[PDB]
Protein chains: 6
Amino acid sequence: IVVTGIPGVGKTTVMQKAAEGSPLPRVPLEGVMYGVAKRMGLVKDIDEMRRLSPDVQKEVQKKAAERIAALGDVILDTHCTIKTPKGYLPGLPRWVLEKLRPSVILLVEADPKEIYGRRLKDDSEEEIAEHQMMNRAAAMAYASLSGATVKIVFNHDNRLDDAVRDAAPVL
Amino acid sequence: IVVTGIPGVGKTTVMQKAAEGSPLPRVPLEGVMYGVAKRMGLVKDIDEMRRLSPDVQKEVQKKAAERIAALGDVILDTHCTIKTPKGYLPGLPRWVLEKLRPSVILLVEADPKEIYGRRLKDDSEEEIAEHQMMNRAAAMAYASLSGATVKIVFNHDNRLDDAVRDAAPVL
Amino acid sequence: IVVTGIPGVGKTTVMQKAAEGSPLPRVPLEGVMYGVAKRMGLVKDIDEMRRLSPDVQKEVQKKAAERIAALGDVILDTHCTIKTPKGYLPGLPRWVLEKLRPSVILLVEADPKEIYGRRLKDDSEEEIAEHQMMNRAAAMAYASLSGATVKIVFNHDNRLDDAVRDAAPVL
Amino acid sequence: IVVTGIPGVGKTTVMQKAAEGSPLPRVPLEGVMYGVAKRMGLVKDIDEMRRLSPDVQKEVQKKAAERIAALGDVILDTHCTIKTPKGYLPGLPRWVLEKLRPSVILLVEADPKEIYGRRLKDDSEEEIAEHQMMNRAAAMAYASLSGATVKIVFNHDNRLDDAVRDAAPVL
Amino acid sequence: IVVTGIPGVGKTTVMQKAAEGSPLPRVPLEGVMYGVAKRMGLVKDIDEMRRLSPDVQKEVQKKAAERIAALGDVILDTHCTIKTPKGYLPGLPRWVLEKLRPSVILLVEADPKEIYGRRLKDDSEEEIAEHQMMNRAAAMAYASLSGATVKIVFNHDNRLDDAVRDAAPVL
Amino acid sequence: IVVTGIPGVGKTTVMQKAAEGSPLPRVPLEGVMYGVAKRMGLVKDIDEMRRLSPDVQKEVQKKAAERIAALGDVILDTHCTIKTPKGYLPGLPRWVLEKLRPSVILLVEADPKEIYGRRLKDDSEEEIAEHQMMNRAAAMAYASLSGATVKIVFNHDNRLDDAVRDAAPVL
């Protein structure tokens, strides 16, 4: 399983509540990549992951995915697209999907005005709505490459029980 | 050619009225998969297609696609995404497209309020509008994998002649 | 399965109604032969099928039948005898039957006066009655060559429900 | 880099203003395909590129992409989807992406009412908004296949400096 | 890392609070064993893990530990001793330690009267104090076999901030 | 095609106007050399091209020319002679011409008094007239080595339409 969401949507809260009583392991993909790179001796510190040569970083992604595939059924956590100075970056290249072979991609959503409120209490609502629409396109592209199912989960501010009630049927 | 649409959009009516006088054979993909599985002795009854092992079901899709490719130019019929308890399932995995190599994907649409009306006379309008948006994303992803052209056809309740007039130029 | 009938008997209507909700593919044999010849590069236009050398046309029939046999169980559609300036031409030679191996030949019939009325609103009644008798002889010859069953279906003008009720038991 | 947009969005103006003082070469992809086909002796005139056999045209796309990859870092120019009588055609098939391996896809946008105004001074606003949405789906599918980043640039009528200020950070 | 504790000591709470913001993956060992056995086809349901042949269960433990060792630095979770009708069962046999090679064993403790209070609000205090003493012996035996460090963390009812302040320095 | 001119003659403006709507790629030679050296890992920044060993810089010129020759018909851009502290440097050595095999060298000119006016608004008129004469000698030497044609184009201050009308016939 892969769980995904825009920064501010409350991804970790819904995942922690829905995964309660589950026998499934819980895995941040960036953490595994750092662990694999560190045990291969390529890095020592978490920021060095951004300094690696891109074509070495492809093989770190490949090896991390092979090892998560060997672990078996898992709640993997990462962004589906990351916003950057040069625009949106796909969080899951084809060479990851060919190794992981996900059964489900789960996408968490809330209203742009709710997310803007949460972010202000910590982009325009138009840029939030854009990043959400780009995530839907990215998820369905990942699905078509892999045979993975795509689930959308709403997580409105007052209504965490709805997000958990929609998420738990997937597990 | 592949023809696709959401349940209730009137797909079969537009397909048969546009295919009138065409030399092209017509084919339901699920029906051919059942036929191939049955002639390979893997099943006897239509429900058993849901009971097959997924990694056998991949090869049944592959063989059905190879045989529909050997038949040549055809009006193939299937859903582009199927709604399920775990969310949207891609109806055409990459291993189907690499065998069929479609020249066109045709997508049928109507207003969510019309579709809700037809369904009530037999999901919310928002979930209908979502499933349409997910189908557009799926179709263009399938196109990029294959070189297939993508055509959208409107099929408003009274206006079947517009749908048929838009469809016939494709054939 | 093969469905057959004299021009004007309403062949397509009875097939379309009885095949409703069937998982079977729906194939015109002339269309397959054109598709096979076109993809073998032998022709580009449908009228060129009448211009092919007869011993090439035998192999086009043979290859079309092999590919329909690979597709498996199907509602195939063609005439059992075609009327021509030199008289009746058999629609299905032995080299087709040895490949398709049909389980059923279905023959649609109506009164010569009904057929003459339909044709007048679009041959003598004696020539219509002759062509029907020649079709029965052709069907039973095909049966004896192949082990196929032969079914006769009446389709009187008002009584389409009787034609469909006789046809549906075959499917 | 690849730069893309709908006809009327002002693609060339934003490209040439942002590329001012850049050491990067600029390349029209259709122009290179014509050049490669012409130097391979396949054509003499630009219109003959539409007359080529599709499976030859795949190899021309492949060879043009290999040569543009060997040139190195470049501002490549083409449409991401081309509107045709049979609907939208993908501008960049997978066999192009596996050769070019783009670092960025850039997508230029403007309001449908602005584009309709420019086109009227030279589709409905609904069909313009549709073609833009189909381009977003195409770009993100291309991204997932390649690891390319996706940037969106607004180019409103009076506001060319905003388009150039968004574009220059990519180069 | 391995985190361990007696049922009712609040193990999961202190782990969740201390692991906050860590890049380390989180793994229940029983979950991995079920996943490995399920993917090896040995079982389908979680209760069948108790029905396996003991010498198969040794090899499942061995394979699960090899796959966790390949994943690298991790917050592993399991009991150090499990209470059963036949008395205490060691949670981590030598064939697990030779694969995992832990750097730390972490042992969570609370007063027998606090644990009795938590268990009532849902063994004698003597049997609780015995099970704690047997865990200390088990942990220090595991340490001597492996070179792992052993840390004890108090988790008194109101004082969760002390438990988290002691746990976070280990990570 | 190669376009050439003295700094201040307005080379880019005449090229940009004449090449309007051309299918030809547009290429700065210094940019390609930097791109080739950068992708060979020899440099990271544009100024390091002056720091290269001359006998490496020859092979970079050779490889850049081979890759621009593989690209086919092109509007290449560079100076025909570069003024330096040690005098005039030839912009195109024999080892470049043997690879590019130009069909045309185009040389842009204006009155030394006009150029001095432009350079004042941004050498003596005698030194400007000298650099032009040295460019004519260099161009005709390049022609004799290669079989390239030589075209001279005037670009007087107001008369850009005359310059573009002389340039466009070459393309």
Side-chain angles (χ1 to χ4, degrees), chain A residues 42-43 47-58 84-87 89, chain D residues 1-3 14-27 67-77 100-106 147-149 151 164-171, chain F residues 3-4 7 11-12 25-68 70-71 74-86 89-93 95-96 99-100 122:
Chain A
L42 308 179
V43 300
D47 288 309
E48 298 185 296
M49 298 303 292
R50 299 192 301 282
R51 308 181 195 166
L52 292 171
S53 300
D55 297 339
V56 173
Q57 198 188 77
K58 287 183 180 71
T84 80
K86 298 200 177 193
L89 174 68
Chain D
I1 296 172
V2 183
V3 174
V14 183
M15 171 177 58
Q16 289 200 130
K17 291 287 182 179
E20 186 65 282
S22 185
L24 293 168
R26 313 213 322 268
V27 177
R67 291 170 185 214
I68 294 160
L71 188 70
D73 311 359
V74 60
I75 299 182
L76 189 64
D77 180 5
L100 295 184
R101 305 177 188 178
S103 59
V104 183
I105 313 304
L106 191 152
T149 317
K151 175 67 178 178
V164 178
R165 187 179 68 256
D166 255 310
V170 182
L171 310 185
Chain F
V3 177
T4 70
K11 174 169 59 71
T12 306
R26 303 289 305 297
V27 180
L29 180 57
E30 305 76 18
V32 178
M33 286 176 59
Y34 169 53
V36 169
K38 181 186 180 192
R39 293 177 75 92
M40 293 170 69
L42 308 179
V43 299
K44 302 296 175 183
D45 200 6
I46 185 64
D47 289 311
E48 301 183 296
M49 298 303 292
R50 298 192 299 282
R51 307 180 195 160
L52 287 171
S53 302
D55 296 336
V56 174
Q57 200 189 70
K58 288 183 181 73
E59 184 160 8
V60 173
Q61 284 180 331
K62 185 177 178 288
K63 288 181 184 295
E66 285 166 11
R67 290 171 185 211
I68 296 158
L71 184 67
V74 60
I75 301 183
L76 187 64
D77 178 9
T78 189
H79 298 291
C80 51
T81 78
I82 299 165
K83 189 172 179 178
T84 81
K86 296 205 177 196
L89 173 70
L92 295 169
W95 51 88
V96 174
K99 296 299 94 178
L100 293 185
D122 180 20

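Side chains are part of it too, since the values below use all heavy atoms of this structure and drop only hydrogens, waters and symmetry mates. Every chain is numbered from 1 and lettered A, B, ... according to where its sequence line falls, protein lines coming before strand lines.
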Atom of [X], atom of [Y] and distance for their closest heavy-atom approach:
X         : Y         : value
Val32(F)  : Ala64(F)  : CG1-CB, 3.9 Å
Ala18(D)  : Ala168(D) : CB-N, 4.2 Å
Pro28(F)  : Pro23(D)  : CG-O, 3.6 Å
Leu100(D) : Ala69(D)  : CD2-N, 4.3 Å

| field | side chain to side chain contact (heavy atoms under 4.5 Å, CB included) partner of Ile68(F), the single match among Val36(F), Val96(F), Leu76(F) | value |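 Among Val36(F), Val96(F), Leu76(F), the one that satisfies the side chain to side chain contact (heavy atoms under 4.5 Å, CB included) with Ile68(F) is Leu76(F).
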- Item | Among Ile1(D), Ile105(D), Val3(D), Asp166(D), the one residue meeting side chain to side chain contact (heavy atoms under 4.5 Å, CB included) with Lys151(D) |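 Single pass found, and it is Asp166(D).
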So, do [X] and [Y] sit near enough that their side-chain heavy atoms are less than 4.5 Å apart?
X         : Y         : result
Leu106(D) : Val170(D) : yes
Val27(D)  : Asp77(D)  : no
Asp45(F)  : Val43(F)  : no
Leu171(D) : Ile75(D)  : yes
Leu89(F)  : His79(F)  : no
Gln16(D)  : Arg26(D)  : yes
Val60(F)  : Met49(F)  : yes
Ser103(D) : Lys86(A)  : no

Using a 3.5 Å distance criterion without hydrogens, assess whether the side chain of [X] forms a donor-acceptor pair with backbone atoms of [Y].
X        : Y        : answer
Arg67(F) : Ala70(D) : yes
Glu30(F) : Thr78(F) : no
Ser53(A) : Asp55(A) : no

Quick check: are there more than 12 heavy atoms from other residues, nucleotides or ligands sitting under 6.0 Å from [atom1] of [X]?
X        : atom1 : answer
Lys83(F) : NZ    : yes
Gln57(F) : CD    : yes
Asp47(F) : CG    : yes

Is there a salt bridge (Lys or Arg N to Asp or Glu O under 4.0 Å) between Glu48(F) and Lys44(F)? Walk through the geometry before answering.
CA-CA 7 Å; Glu48(F) 301 183 296; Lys44(F) 302 296 175 183; over 6 Å; no
| query | Partners of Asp73(D) by salt bridge (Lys or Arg N to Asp or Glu O under 4.0 Å), sequence neighbours excluded? | reply |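 Per chain and number, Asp73(D) pairs via salt bridge (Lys or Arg N to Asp or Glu O under 4.0 Å) with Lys38(F), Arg39(F).
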Derivation of the side-chain contact (heavy atoms from CB on, under 4.5 Å) call for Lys99(F) and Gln61(F): CA-CA 10 Å; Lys99(F) 296 299 94 178; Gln61(F) 284 180 331; over 6 Å; no
Do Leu92(F) and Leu29(F) pass the side-chain contact (heavy atoms from CB on, under 4.5 Å) test, and can you show the C-alpha distance, the side-chain angles, and the key distance before you say yes or no? CA-CA 10 Å; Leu92(F) 295 169; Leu29(F) 180 57; 4.0 Å; yes
